[PDB]
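Remarks on the structure that follows.
What follows draws every value from the coordinates through simple rules; no lab data is involved. All Cβ positions, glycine included, derive from the backbone under ideal geometry; neighbour counts span all protein chains shown.
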Amino acid sequence: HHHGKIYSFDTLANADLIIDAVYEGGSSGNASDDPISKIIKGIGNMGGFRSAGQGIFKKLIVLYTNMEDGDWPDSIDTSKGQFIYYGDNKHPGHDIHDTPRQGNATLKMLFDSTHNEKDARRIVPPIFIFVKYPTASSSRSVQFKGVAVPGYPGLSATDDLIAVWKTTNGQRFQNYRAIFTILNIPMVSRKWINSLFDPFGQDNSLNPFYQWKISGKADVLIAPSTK
């Protein structure tokens, strides 16, 4: 059994983001143990949906899932470079778009931008995907799954963002099922990450993202399994 690179908690602040590398969380027991907010300054330390930047139009979005709940089956298909992600309305209470972190409202904006006939993809920021990946030293450890963009080649706008119904204790409510493409980006450099708020100081790490922004045609991370 072989392992990808594993970053200890005290090495996170200047780490690169590497496909399927593991980033260990803290041991203090408290909130600051969150590995994601240590890796990326500007990103909060809690939530399935996180963003950086002030304004309606963010600089970066992070999607985080624990992959533990069968009711909301988030998944990655490594052979297709496809990520299926459920939105932030997981309980009865408010309308699908009425959520504290505004994940669902933002998902709607991002997919509508992606499929818009005018200014297509204009407001879409880079999206980073992390999944919970417990290690011995920490249960808050995560794994980077890649840079992602809304939609998937061959999927219609009807299919890549669906309001699905669920029932909880007899109460019916809606939540988004969103489908993303994982880009062929093996690494996001520390230089890029430190230069999140300024494209001038960025390197070429996200060139496939900027290409997608221009054309709407993604260079997909296609990774067939070994037997």
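So which residues in segment 114-155 are of a type in the set (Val, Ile, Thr) and within 18 Å of residue 214 (Cβ to Cβ), if there are any at all? Break it down stepwise before answering.
Here is the first cut: in segment 114-155, the residues of a type in the set (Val, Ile, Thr) are 114, 123-124, 127, 129, 131, 135, 142, 147, 149.
114, 123, 124, 127, 147, 149, listed by residue number.
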Practice task
Pull up segment 29-62, narrow it to residues that are assigned to a loop (DSSP other than H, G, I, E, B) and in contact with a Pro (Cβ under 7 Å, 6 or more places away or on another chain), then point me to the one that is nearest to residue 147 (Cα to Cα).
Solution key: 59
Problem - From 106, 168, 114, residue being touching a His at 6+ places or on another chain (Cβ under 7 Å) and either without any contact (Cβ under 8 Å) to a residue 40 or more places away in the chain or not acidic (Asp, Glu) (or both) - result: 168
Completion exercise
Residue pairs qualifying under the 9 Å Cβ cut-off, at least six apart or on distinct chains, with the first in segment 79-98 being under 19 Å from residue 181 (Cα atoms) and the second being of a type in the set (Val, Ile, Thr) and part of a loop (DSSP other than H, G, I, E, B), are 79/222; 80/222; 81/222; 87/96; 87/99
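So for segment 199-214 (the condition being in contact with a strand residue (DSSP E or B) (Cβ under 7 Å, 6 or more places away or on another chain), in a loop (DSSP other than H, G, I, E, B) and surrounded by 14 or more Cβ atoms within 10 Å (Cβ to Cβ)), does at least one residue qualify? Full working, then the answer.
Here is the first cut: in segment 199-214, the ones in contact with a strand residue (DSSP E or B) (Cβ under 7 Å, 6 or more places away or on another chain) are 205-206, 208-209, 212.
Pick out the ones that are also in a loop (DSSP other than H, G, I, E, B) and you get none.
Scanning segment 199-214 turns up no residue that is in contact with a strand residue (DSSP E or B) (Cβ under 7 Å, 6 or more places away or on another chain), in a loop (DSSP other than H, G, I, E, B) and surrounded by 14 or more Cβ atoms within 10 Å (Cβ to Cβ).
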Handout entry: Within segment 177-198, tally of residues that are assigned to a loop (DSSP other than H, G, I, E, B) and of a type in the set (D, E, K, R)
Key = 1
Exercise for the section: Might you let me know whether segment 81-97 holds any residue that is assigned to a loop (DSSP other than H, G, I, E, B), closer than 27 Å to residue 195 by Cα, charged (D, E, K, R) and out of contact with any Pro (no Cβ under 7 Å at 6 or more places or on another chain)? Expected result: no
